[PDB]
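Raw structure.json, JSON, N, CA, C and O atoms:
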[["chain", "number", "residue", "atom", "x", "y", "z"],
["A", 1, "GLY", "N", 0.84, -1.22, 0.00],
["A", 1, "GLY", "CA", 0.00, 0.00, 0.00],
["A", 1, "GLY", "C", 0.86, 1.25, 0.00],
["A", 1, "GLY", "O", 1.45, 1.60, 1.02],
["A", 2, "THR", "N", 0.94, 1.93, -1.15],
["A", 2, "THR", "CA", 1.76, 3.14, -1.39],
["A", 2, "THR", "C", 0.87, 4.28, -1.89],
["A", 2, "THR", "O", 0.02, 4.06, -2.75],
["A", 3, "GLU", "N", 1.06, 5.50, -1.39],
["A", 3, "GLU", "CA", 0.32, 6.70, -1.84],
["A", 3, "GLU", "C", 1.20, 7.52, -2.79],
["A", 3, "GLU", "O", 2.41, 7.64, -2.59],
["A", 4, "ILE", "N", 0.58, 8.08, -3.84],
["A", 4, "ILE", "CA", 1.28, 8.77, -4.93],
["A", 4, "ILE", "C", 0.58, 10.10, -5.25],
["A", 4, "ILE", "O", -0.63, 10.14, -5.44],
["A", 5, "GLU", "N", 1.37, 11.17, -5.35],
["A", 5, "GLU", "CA", 0.93, 12.49, -5.82],
["A", 5, "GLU", "C", 1.72, 12.86, -7.09],
["A", 5, "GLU", "O", 2.91, 12.55, -7.18],
["A", 6, "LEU", "N", 1.09, 13.53, -8.05],
["A", 6, "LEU", "CA", 1.78, 14.13, -9.19],
["A", 6, "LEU", "C", 1.18, 15.48, -9.60],
["A", 6, "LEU", "O", -0.04, 15.62, -9.62],
["A", 7, "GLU", "N", 2.03, 16.45, -9.94],
["A", 7, "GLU", "CA", 1.63, 17.80, -10.38],
["A", 7, "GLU", "C", 2.32, 18.21, -11.69],
["A", 7, "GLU", "O", 3.53, 18.06, -11.86],
["A", 8, "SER", "N", 1.52, 18.74, -12.62],
["A", 8, "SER", "CA", 1.91, 19.15, -13.97],
["A", 8, "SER", "C", 2.42, 20.59, -14.05],
["A", 8, "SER", "O", 2.07, 21.44, -13.23],
["A", 9, "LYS", "N", 3.18, 20.89, -15.11],
["A", 9, "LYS", "CA", 3.57, 22.26, -15.52],
["A", 9, "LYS", "C", 2.35, 23.15, -15.83],
["A", 9, "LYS", "O", 2.45, 24.37, -15.77],
["A", 10, "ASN", "N", 1.20, 22.53, -16.10],
["A", 10, "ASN", "CA", -0.11, 23.17, -16.26],
["A", 10, "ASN", "C", -0.72, 23.68, -14.92],
["A", 10, "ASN", "O", -1.79, 24.29, -14.92],
["A", 11, "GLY", "N", -0.09, 23.40, -13.77],
["A", 11, "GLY", "CA", -0.61, 23.76, -12.44],
["A", 11, "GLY", "C", -1.76, 22.87, -11.95],
["A", 11, "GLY", "O", -2.55, 23.29, -11.11],
["A", 12, "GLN", "N", -1.87, 21.65, -12.51],
["A", 12, "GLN", "CA", -2.91, 20.66, -12.20],
["A", 12, "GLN", "C", -2.28, 19.42, -11.55],
["A", 12, "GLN", "O", -1.24, 18.95, -12.01],
["A", 13, "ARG", "N", -2.91, 18.88, -10.49],
["A", 13, "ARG", "CA", -2.40, 17.74, -9.71],
["A", 13, "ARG", "C", -3.42, 16.63, -9.46],
["A", 13, "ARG", "O", -4.63, 16.89, -9.43],
["A", 14, "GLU", "N", -2.93, 15.41, -9.28],
["A", 14, "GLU", "CA", -3.73, 14.20, -9.09],
["A", 14, "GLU", "C", -3.13, 13.28, -8.01],
["A", 14, "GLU", "O", -1.91, 13.21, -7.83],
["A", 15, "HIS", "N", -4.00, 12.53, -7.33],
["A", 15, "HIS", "CA", -3.65, 11.57, -6.27],
["A", 15, "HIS", "C", -4.06, 10.14, -6.64],
["A", 15, "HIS", "O", -5.16, 9.91, -7.16],
["A", 16, "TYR", "N", -3.19, 9.17, -6.35],
["A", 16, "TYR", "CA", -3.35, 7.74, -6.64],
["A", 16, "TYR", "C", -2.92, 6.86, -5.46],
["A", 16, "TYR", "O", -1.99, 7.21, -4.72],
["A", 17, "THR", "N", -3.55, 5.70, -5.30],
["A", 17, "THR", "CA", -3.12, 4.65, -4.36],
["A", 17, "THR", "C", -2.72, 3.39, -5.13],
["A", 17, "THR", "O", -3.48, 2.90, -5.98],
["A", 18, "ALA", "N", -1.54, 2.85, -4.83],
["A", 18, "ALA", "CA", -1.00, 1.62, -5.40],
["A", 18, "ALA", "C", -1.02, 0.48, -4.37],
["A", 18, "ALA", "O", -0.58, 0.65, -3.23],
["A", 19, "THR", "N", -1.52, -0.70, -4.77],
["A", 19, "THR", "CA", -1.59, -1.88, -3.88],
["A", 19, "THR", "C", -0.22, -2.51, -3.64],
["A", 19, "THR", "O", 0.07, -2.97, -2.53],
["A", 20, "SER", "N", 0.67, -2.47, -4.64],
["A", 20, "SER", "CA", 2.02, -3.05, -4.62],
["A", 20, "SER", "C", 2.99, -2.24, -5.49],
["A", 20, "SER", "O", 2.58, -1.37, -6.27],
["A", 21, "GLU", "N", 4.28, -2.55, -5.41],
["A", 21, "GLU", "CA", 5.37, -1.90, -6.15],
["A", 21, "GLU", "C", 5.20, -2.00, -7.68],
["A", 21, "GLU", "O", 5.67, -1.12, -8.39],
["A", 22, "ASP", "N", 4.53, -3.04, -8.17],
["A", 22, "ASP", "CA", 4.21, -3.22, -9.59],
["A", 22, "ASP", "C", 3.07, -2.30, -10.07],
["A", 22, "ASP", "O", 3.05, -1.93, -11.24],
["A", 23, "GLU", "N", 2.14, -1.91, -9.20],
["A", 23, "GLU", "CA", 1.12, -0.90, -9.50],
["A", 23, "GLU", "C", 1.72, 0.52, -9.42],
["A", 23, "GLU", "O", 1.46, 1.36, -10.27],
["A", 24, "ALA", "N", 2.59, 0.77, -8.43],
["A", 24, "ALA", "CA", 3.17, 2.09, -8.19],
["A", 24, "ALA", "C", 4.04, 2.58, -9.36],
["A", 24, "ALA", "O", 3.86, 3.70, -9.83],
["A", 25, "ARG", "N", 4.92, 1.72, -9.88],
["A", 25, "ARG", "CA", 5.75, 2.03, -11.07],
["A", 25, "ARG", "C", 4.93, 2.36, -12.31],
["A", 25, "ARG", "O", 5.31, 3.23, -13.09],
["A", 26, "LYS", "N", 3.76, 1.73, -12.46],
["A", 26, "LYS", "CA", 2.80, 2.01, -13.54],
["A", 26, "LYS", "C", 2.13, 3.38, -13.39],
["A", 26, "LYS", "O", 1.90, 4.04, -14.40],
["A", 27, "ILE", "N", 1.88, 3.88, -12.18],
["A", 27, "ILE", "CA", 1.42, 5.26, -11.97],
["A", 27, "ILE", "C", 2.53, 6.27, -12.34],
["A", 27, "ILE", "O", 2.24, 7.29, -12.96],
["A", 28, "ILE", "N", 3.79, 5.96, -12.02],
["A", 28, "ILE", "CA", 4.92, 6.87, -12.26],
["A", 28, "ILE", "C", 5.21, 6.96, -13.76],
["A", 28, "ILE", "O", 5.32, 8.05, -14.30],
["A", 29, "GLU", "N", 5.28, 5.83, -14.46],
["A", 29, "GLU", "CA", 5.57, 5.79, -15.90],
["A", 29, "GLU", "C", 4.47, 6.48, -16.73],
["A", 29, "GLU", "O", 4.75, 7.17, -17.72],
["A", 30, "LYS", "N", 3.21, 6.39, -16.26],
["A", 30, "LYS", "CA", 2.05, 7.11, -16.80],
["A", 30, "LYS", "C", 2.04, 8.60, -16.51],
["A", 30, "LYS", "O", 1.32, 9.34, -17.17],
["A", 31, "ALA", "N", 2.79, 9.03, -15.50],
["A", 31, "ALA", "CA", 2.97, 10.43, -15.16],
["A", 31, "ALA", "C", 4.12, 11.09, -15.94],
["A", 31, "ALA", "O", 3.93, 12.14, -16.55],
["A", 32, "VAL", "N", 5.29, 10.47, -15.97],
["A", 32, "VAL", "CA", 6.48, 11.03, -16.63],
["A", 32, "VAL", "C", 6.30, 11.20, -18.14],
["A", 32, "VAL", "O", 6.84, 12.16, -18.70],
["A", 33, "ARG", "N", 5.48, 10.36, -18.79],
["A", 33, "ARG", "CA", 5.13, 10.52, -20.21],
["A", 33, "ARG", "C", 4.46, 11.87, -20.51],
["A", 33, "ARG", "O", 4.58, 12.38, -21.63],
["A", 34, "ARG", "N", 3.75, 12.44, -19.52],
["A", 34, "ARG", "CA", 2.96, 13.67, -19.67],
["A", 34, "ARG", "C", 3.81, 14.93, -19.52],
["A", 34, "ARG", "O", 3.34, 16.02, -19.87],
["A", 35, "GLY", "N", 5.02, 14.81, -18.97],
["A", 35, "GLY", "CA", 5.85, 15.97, -18.60],
["A", 35, "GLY", "C", 5.50, 16.54, -17.21],
["A", 35, "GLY", "O", 5.65, 17.74, -16.99],
["A", 36, "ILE", "N", 5.01, 15.69, -16.30],
["A", 36, "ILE", "CA", 4.79, 15.99, -14.88],
["A", 36, "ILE", "C", 6.05, 16.62, -14.27],
["A", 36, "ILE", "O", 7.17, 16.19, -14.55],
["A", 37, "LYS", "N", 5.86, 17.65, -13.44],
["A", 37, "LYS", "CA", 6.94, 18.46, -12.86],
["A", 37, "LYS", "C", 7.39, 17.93, -11.49],
["A", 37, "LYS", "O", 8.59, 17.87, -11.22],
["A", 38, "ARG", "N", 6.42, 17.53, -10.65],
["A", 38, "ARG", "CA", 6.63, 17.01, -9.29],
["A", 38, "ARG", "C", 5.91, 15.68, -9.09],
["A", 38, "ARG", "O", 4.77, 15.52, -9.53],
["A", 39, "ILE", "N", 6.56, 14.75, -8.38],
["A", 39, "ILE", "CA", 6.03, 13.44, -7.97],
["A", 39, "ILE", "C", 6.28, 13.26, -6.47],
["A", 39, "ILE", "O", 7.35, 13.60, -5.97],
["A", 40, "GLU", "N", 5.32, 12.68, -5.74],
["A", 40, "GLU", "CA", 5.49, 12.25, -4.35],
["A", 40, "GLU", "C", 5.23, 10.76, -4.22],
["A", 40, "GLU", "O", 4.23, 10.27, -4.75],
["A", 41, "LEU", "N", 6.08, 10.05, -3.47],
["A", 41, "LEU", "CA", 5.89, 8.65, -3.09],
["A", 41, "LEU", "C", 5.86, 8.53, -1.56],
["A", 41, "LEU", "O", 6.78, 9.02, -0.90],
["A", 42, "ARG", "N", 4.86, 7.85, -1.00],
["A", 42, "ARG", "CA", 4.67, 7.68, 0.45],
["A", 42, "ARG", "C", 4.32, 6.24, 0.82],
["A", 42, "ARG", "O", 3.48, 5.62, 0.17],
["A", 43, "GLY", "N", 4.98, 5.70, 1.84],
["A", 43, "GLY", "CA", 4.91, 4.27, 2.19],
["A", 43, "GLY", "C", 5.59, 3.34, 1.17],
["A", 43, "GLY", "O", 5.31, 2.14, 1.14],
["A", 44, "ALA", "N", 6.48, 3.88, 0.33],
["A", 44, "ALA", "CA", 7.19, 3.14, -0.71],
["A", 44, "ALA", "C", 8.31, 2.25, -0.15],
["A", 44, "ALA", "O", 9.01, 2.62, 0.80],
["A", 45, "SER", "N", 8.51, 1.08, -0.77],
["A", 45, "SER", "CA", 9.61, 0.14, -0.47],
["A", 45, "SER", "C", 10.92, 0.57, -1.13],
["A", 45, "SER", "O", 10.92, 1.26, -2.15],
["A", 46, "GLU", "N", 12.06, 0.13, -0.59],
["A", 46, "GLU", "CA", 13.39, 0.64, -1.01],
["A", 46, "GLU", "C", 13.72, 0.39, -2.49],
["A", 46, "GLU", "O", 14.33, 1.24, -3.13],
["A", 47, "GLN", "N", 13.26, -0.73, -3.07],
["A", 47, "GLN", "CA", 13.47, -1.01, -4.50],
["A", 47, "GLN", "C", 12.61, -0.10, -5.38],
["A", 47, "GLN", "O", 13.12, 0.50, -6.32],
["A", 48, "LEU", "N", 11.33, 0.09, -5.04],
["A", 48, "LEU", "CA", 10.45, 1.03, -5.73],
["A", 48, "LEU", "C", 10.99, 2.47, -5.65],
["A", 48, "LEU", "O", 10.95, 3.19, -6.64],
["A", 49, "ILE", "N", 11.51, 2.87, -4.49],
["A", 49, "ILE", "CA", 12.12, 4.19, -4.31],
["A", 49, "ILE", "C", 13.33, 4.36, -5.24],
["A", 49, "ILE", "O", 13.40, 5.36, -5.94],
["A", 50, "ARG", "N", 14.23, 3.37, -5.31],
["A", 50, "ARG", "CA", 15.39, 3.41, -6.22],
["A", 50, "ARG", "C", 14.97, 3.41, -7.69],
["A", 50, "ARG", "O", 15.56, 4.13, -8.49],
["A", 51, "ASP", "N", 13.93, 2.66, -8.04],
["A", 51, "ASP", "CA", 13.39, 2.55, -9.39],
["A", 51, "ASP", "C", 12.75, 3.87, -9.85],
["A", 51, "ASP", "O", 13.01, 4.34, -10.96],
["A", 52, "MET", "N", 11.97, 4.51, -8.98],
["A", 52, "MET", "CA", 11.39, 5.84, -9.19],
["A", 52, "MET", "C", 12.48, 6.92, -9.27],
["A", 52, "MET", "O", 12.46, 7.75, -10.18],
["A", 53, "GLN", "N", 13.46, 6.88, -8.36],
["A", 53, "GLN", "CA", 14.58, 7.83, -8.32],
["A", 53, "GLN", "C", 15.48, 7.74, -9.56],
["A", 53, "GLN", "O", 15.91, 8.77, -10.07],
["A", 54, "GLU", "N", 15.72, 6.53, -10.09],
["A", 54, "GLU", "CA", 16.48, 6.33, -11.33],
["A", 54, "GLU", "C", 15.79, 6.99, -12.54],
["A", 54, "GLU", "O", 16.47, 7.56, -13.40],
["A", 55, "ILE", "N", 14.46, 6.98, -12.60],
["A", 55, "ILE", "CA", 13.70, 7.70, -13.63],
["A", 55, "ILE", "C", 13.76, 9.21, -13.38],
["A", 55, "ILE", "O", 14.11, 9.99, -14.27],
["A", 56, "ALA", "N", 13.45, 9.64, -12.16],
["A", 56, "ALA", "CA", 13.28, 11.05, -11.82],
["A", 56, "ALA", "C", 14.58, 11.85, -11.95],
["A", 56, "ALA", "O", 14.56, 12.99, -12.40],
["A", 57, "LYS", "N", 15.73, 11.23, -11.63],
["A", 57, "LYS", "CA", 17.05, 11.86, -11.73],
["A", 57, "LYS", "C", 17.50, 12.03, -13.19],
["A", 57, "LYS", "O", 18.16, 13.02, -13.51],
["A", 58, "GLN", "N", 17.09, 11.12, -14.07],
["A", 58, "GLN", "CA", 17.38, 11.20, -15.51],
["A", 58, "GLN", "C", 16.49, 12.21, -16.25],
["A", 58, "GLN", "O", 16.94, 12.84, -17.21],
["A", 59, "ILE", "N", 15.25, 12.41, -15.79],
["A", 59, "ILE", "CA", 14.31, 13.40, -16.35],
["A", 59, "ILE", "C", 14.50, 14.80, -15.74],
["A", 59, "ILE", "O", 14.17, 15.82, -16.34],
["A", 60, "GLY", "N", 15.10, 14.86, -14.54],
["A", 60, "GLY", "CA", 15.24, 16.07, -13.72],
["A", 60, "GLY", "C", 13.95, 16.47, -12.98],
["A", 60, "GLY", "O", 13.80, 17.61, -12.54],
["A", 61, "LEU", "N", 13.00, 15.53, -12.85],
["A", 61, "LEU", "CA", 11.70, 15.71, -12.21],
["A", 61, "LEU", "C", 11.88, 15.90, -10.70],
["A", 61, "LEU", "O", 12.65, 15.19, -10.05],
["A", 62, "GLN", "N", 11.16, 16.87, -10.13],
["A", 62, "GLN", "CA", 11.22, 17.21, -8.71],
["A", 62, "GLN", "C", 10.46, 16.18, -7.85],
["A", 62, "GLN", "O", 9.34, 16.43, -7.40],
["A", 63, "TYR", "N", 11.04, 15.00, -7.66],
["A", 63, "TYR", "CA", 10.47, 13.95, -6.82],
["A", 63, "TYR", "C", 10.64, 14.25, -5.31],
["A", 63, "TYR", "O", 11.57, 14.95, -4.90],
["A", 64, "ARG", "N", 9.76, 13.68, -4.49],
["A", 64, "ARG", "CA", 9.84, 13.64, -3.02],
["A", 64, "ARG", "C", 9.51, 12.24, -2.49],
["A", 64, "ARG", "O", 8.57, 11.60, -2.95],
["A", 65, "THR", "N", 10.28, 11.78, -1.50],
["A", 65, "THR", "CA", 10.14, 10.46, -0.88],
["A", 65, "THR", "C", 9.77, 10.59, 0.61],
["A", 65, "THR", "O", 10.54, 11.13, 1.40],
["A", 66, "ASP", "N", 8.61, 10.05, 0.98],
["A", 66, "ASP", "CA", 8.13, 9.87, 2.37],
["A", 66, "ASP", "C", 7.81, 8.39, 2.68],
["A", 66, "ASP", "O", 6.91, 8.05, 3.44],
["A", 67, "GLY", "N", 8.54, 7.47, 2.02],
["A", 67, "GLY", "CA", 8.50, 6.02, 2.25],
["A", 67, "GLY", "C", 9.66, 5.53, 3.13],
["A", 67, "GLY", "O", 9.91, 6.08, 4.20],
["A", 68, "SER", "N", 10.35, 4.50, 2.63],
["A", 68, "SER", "CA", 11.41, 3.70, 3.26],
["A", 68, "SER", "C", 10.91, 2.85, 4.43],
["A", 68, "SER", "O", 10.29, 3.33, 5.38],
["A", 69, "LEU", "N", 11.20, 1.55, 4.36],
["A", 69, "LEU", "CA", 10.79, 0.52, 5.32],
["A", 69, "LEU", "C", 12.03, -0.19, 5.86],
["A", 69, "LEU", "O", 12.84, -0.72, 5.10],
["A", 70, "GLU", "N", 12.21, -0.18, 7.18],
["A", 70, "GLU", "CA", 13.39, -0.73, 7.87],
["A", 70, "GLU", "C", 13.19, -2.18, 8.33],
["A", 70, "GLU", "O", 12.05, -2.65, 8.48],
["A", 71, "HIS", "N", 14.30, -2.89, 8.58],
["A", 71, "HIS", "CA", 14.33, -4.31, 9.00],
["A", 71, "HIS", "C", 13.58, -5.23, 8.01],
["A", 71, "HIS", "O", 13.39, -4.89, 6.84],
["A", 72, "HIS", "N", 13.18, -6.43, 8.44],
["A", 72, "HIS", "CA", 12.27, -7.36, 7.75],
["A", 72, "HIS", "C", 12.78, -7.95, 6.41],
["A", 72, "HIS", "O", 12.03, -8.63, 5.70],
["A", 73, "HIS", "N", 14.06, -7.76, 6.07],
["A", 73, "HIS", "CA", 14.73, -8.44, 4.96],
["A", 73, "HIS", "C", 15.09, -9.89, 5.32],
["A", 73, "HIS", "O", 14.94, -10.80, 4.49],
["A", 74, "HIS", "N", 15.51, -10.12, 6.57],
["A", 74, "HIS", "CA", 16.02, -11.39, 7.11],
["A", 74, "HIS", "C", 17.22, -11.97, 6.33],
["A", 74, "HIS", "O", 17.76, -11.34, 5.42],
["A", 75, "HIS", "N", 17.68, -13.16, 6.72],
["A", 75, "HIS", "CA", 18.79, -13.90, 6.11],
["A", 75, "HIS", "C", 18.39, -15.34, 5.75],
["A", 75, "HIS", "O", 17.54, -15.95, 6.41],
["A", 76, "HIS", "N", 18.99, -15.88, 4.68],
["A", 76, "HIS", "CA", 18.70, -17.19, 4.09],
["A", 76, "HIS", "C", 19.92, -17.81, 3.39],
["A", 76, "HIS", "O", 20.00, -19.06, 3.32]]

Could you quickly redo this structure as structure tokens?
Amino acid sequence: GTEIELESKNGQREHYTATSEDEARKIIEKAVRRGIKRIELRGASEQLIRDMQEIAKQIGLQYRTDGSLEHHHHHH
């Protein structure tokens, strides 16, 4: 469960909820195609955060992160 915000150069913004990291990346890729200026990710997992950040840093998009989840990786 991840929350997503996006705002356009048109001064218009939208809110989305993603059930998993595979839904969240689909909201982001659907936003960056439009020329979205700002993106927010909240409750995001560390791989989704790196995946979103790798896109946002290459586009120069003003992303913000309010996710990151600690522990619970374990060993095997």

Exercise for the section: Enumerate, as a list in words, the complete set of residues in chain A that a backbone-based DSSP assignment places in alpha helix (DSSP H). Expected result: residues 21, 22, 23, 24, 25, 26, 27, 28, 29, 30, 31, 32, 46, 47, 48, 49, 50, 51, 52, 53, 54, 55, 56, 57, 58 and 59 of chain A

Practice task
Could you tell me, as a list in words, which residues of chain A DSSP assigns to strand (DSSP E) when given the backbone?
Solution key: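 DSSP-assigned strand (DSSP E) residues in chain A: residues 2, 3, 4, 5, 6, 7, 13, 14, 15, 16, 17, 18, 38, 39, 40, 41, 42, 62, 63, 64, 65 and 66 of chain A.
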
Problem - Neighbour list for residue A:33 as a ChimeraX atom specification, cut-off 12 Å, only C-alpha atoms, skip fewer than 4 positions in-chain - result: /A:8,26-29,37,55-56,59,61

Handout entry: Spatial neighbours of stretch 15-18 of chain A, 6 Å, all atoms listed in the file, chain gap at least 4 places, as a PyMOL selection string
Key = chain A and resi 1-6+23-24

Handout entry: Å distance separating atom CA of residue A:34 from atom CA of residue A:60, one decimal place
Key = 13.9 Å

Exercise for the section: Point out the residue among A:75, A:7, A:25, A:20 with the least atom-to-atom distance to residue A:52, counting all atoms listed in the file. Expected result: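 The closest residue to residue A:52 is A:25.
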
Practice task
Could you give me, as a list in words, the residues that sit within 6 Å of (14.6, 10.0, -3.5) in the file's coordinates, counting all atoms listed in the file?
Solution key: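 All residues meeting the 6 Å criterion around (14.6, 10.0, -3.5) are residues 49, 53, 63, 64 and 65 of chain A.
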
Exercise for the section: May I ask for the distance between atom C of residue A:11 and atom N of residue A:30, given in Å to one decimal place? Expected result: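 Separation of atom C of residue A:11 and atom N of residue A:30: 17.7 Å.
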
Fill in the blank from the handout: Atom pair atom CA of residue A:69 + atom CA of residue A:44, distance 7.5 Å

Practice task
Go through A:73, A:50, A:67, A:45 and flag the residue nearest residue A:21, using all atoms listed in the file for the distances.
Solution key: A:45

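The residue that comes closest to residue A:48, out of A:62, A:22, A:32, A:72 and on the basis of only C-alpha atoms, is A:22.
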